[PDB]
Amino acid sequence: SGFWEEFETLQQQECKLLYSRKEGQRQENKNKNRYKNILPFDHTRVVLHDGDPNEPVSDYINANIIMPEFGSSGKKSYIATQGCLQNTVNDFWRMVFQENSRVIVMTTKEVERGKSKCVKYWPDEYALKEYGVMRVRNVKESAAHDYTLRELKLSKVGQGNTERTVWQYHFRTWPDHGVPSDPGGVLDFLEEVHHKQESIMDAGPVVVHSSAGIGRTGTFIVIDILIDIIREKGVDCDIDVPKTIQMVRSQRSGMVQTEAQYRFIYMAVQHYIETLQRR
């Protein structure tokens, strides 16, 4: 198998000492990680400023900035993160606000097979909620076949004219096991995400999450990166899936977790190329 050996080669390259993950290992941060073994690299982690001065450690969230290229702007970058825990919802909105993120991609349900993959961090439709110092209104939900779009308005309580719209694209039909058997739904979803992000002047990085912030998160991010290369350079451009996975894995460990996800990435690229040909 060309895929198996490509994916195994990549998996071998992570069977070694990787960059430091010390902040995530601090005792004060242990309950901020869904999984003890999945921690952000220190050098690309999102550092949360402006925290409660009573909290001894208030600068940590299990999240990393992911740039597709070395000199990427914030608007062309991503934040890869885990689904919120009950005790990290407020930190998640601190992150979205601080980094000026305007689009969130959620790749799980809240619960799958009886396990929490993300605690609900948005209000019910039309409702207003306070999450720490942040205020969020769910303005409107729009349901599609594979996803729901929620138009959220985020502001900082006690600072006026900080409001901005945050568009949550919630993919809801990813299977409990494996990957979708074809990429059409994911490609249609990423096309809407991309057009929304592109339309917002000076948007910050797109936030992408899954239960650990690496498997489905890495699969969505690498597909999005590759189809943007095709968008820009056209369907005969060089595409290097292993090198792109290596680029994102230098910024958060373990991105793209399974051989089925690896094959799905190739499938999505091929279908996108085909689409650019029929229409």
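Heads up: residue numbers just count along the shown sequence, starting at 1.
225 to 233 and 43 to 51 differ in mean CA B-factor, and the higher of the two is recorded for 225 to 233. Judged by mean Cα B factor in the deposited record, 22 to 30 ranks above the other of 206 to 214 and 22 to 30. In this structure the maximum Cα B-factor among 70, 60, 220, 35 is found at 70. Of all the options 79, 186, 85, 128, the entry's greatest CA B-factor is assigned to 128. Ranked by Cα temperature factor within the chain, residue 108 sits in the lowest third according to the deposited record.
The deposited CA B-factor of residue 241 belongs to the middle third of values across its chain. When the modelled residues of the chain are ordered by their C-alpha B factor, residue 101 lands in the middle third. For residue 152, the recorded CA B-factor ranks within the middle third of the chain. Only modelled residues enter the ranking.
Sorting the modelled residues of the chain by their CA temperature factor places residue 170 in the lowest third.
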